[PDB]
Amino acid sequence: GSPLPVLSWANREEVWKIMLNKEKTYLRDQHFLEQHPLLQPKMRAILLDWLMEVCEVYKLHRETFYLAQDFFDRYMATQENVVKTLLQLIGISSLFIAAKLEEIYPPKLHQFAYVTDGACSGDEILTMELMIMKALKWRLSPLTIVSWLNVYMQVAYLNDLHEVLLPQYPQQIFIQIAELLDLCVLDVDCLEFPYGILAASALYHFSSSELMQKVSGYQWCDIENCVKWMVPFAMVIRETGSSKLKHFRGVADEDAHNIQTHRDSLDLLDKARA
């Protein structure tokens, strides 16, 4: 189904079809680390969590992080046999490509080399960003996990105006659901489920299946397998509580929810294993 209202600028079913048709172009592989036998799934969690903290220090948007995560996962699916010391360069260069794509005033190249504690040169990043974009066939416009949550939050708070392009939803509950998604993305087995399924399953845990289906278009049976897998991650967030909305210097409050945050979520990821 399609949860978008009537769109004045295009056929509502045409815009939704294109968004769904793109998700078939961008492939995921929850077992791409079998192509890299020396790597372990936890190394990916430590890398992505480090990129989250880097994003918060430079106040990069959540969309920028999930672009880097998607660039990292799809690039490793094209490569074979990668060492641990090569992971930091691939991750920081994926964030460099993502920051230049998403931010209005992105950080400079030397700042991306600066946060690596001197382990990645500015020219090492330039070499890596070319290899990443060429290996991905320059397909660098995916619908991230966090971009779907933005769609689901807009339709949930829609009025009779049906103006789907002007944002209007509570920032408080948005960062709470994003907090659940930031934890689940550290686990590699999330790639089994499409990005749109993952976001709808996290919204369901903070609301209901009626609101989920109203704003995502997916029936309960489409997300049941994902909801059951997201079960341990949801309660870990419920046991510790929902985080508060942060204010960031230089970032307007009407955009403060879009800034990537970071907690010590690596401890919370291990509790979701049992």
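Start at 1 and count along the sequence shown; that's the residue number. Here the rigid core means the biggest group of C-alpha atoms that line up within 1.5 Å when the two forms are laid on top of each other.
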Stretch farther from the shown model on average in 6 other deposited structures of this protein, with CA RMS computed after core superposition (150-158, 135-143): 150-158
Which of 169-177 and 195-203 strays further in 6 other deposited structures of this protein - Cα RMS after rigid core alignment: 169-177
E163: gap in at least one third of other compared structures: yes
Stretch with the greater mean C-alpha B-factor as recorded in the entry, comparing 92-100 against 116-124: 116-124
Higher-scoring stretch by recorded Cα B factor average, 32-40 or 49-57: 32-40
Selection by C-alpha B-factor (highest) of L183, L130, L161, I197: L161
Ranked C-alpha temperature factor of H247 among modelled chain residues, by third: highest
Chain third (lowest, middle, highest) by recorded CA B-factor, residue given as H257: lowest
CA B-factor ranking of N225, expressed as a third of its chain: middle
Third of the chain's Cα B-factor distribution that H110 belongs to, per the entry: highest
Within-chain third of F65 by Cα B-factor, per the entry: lowest
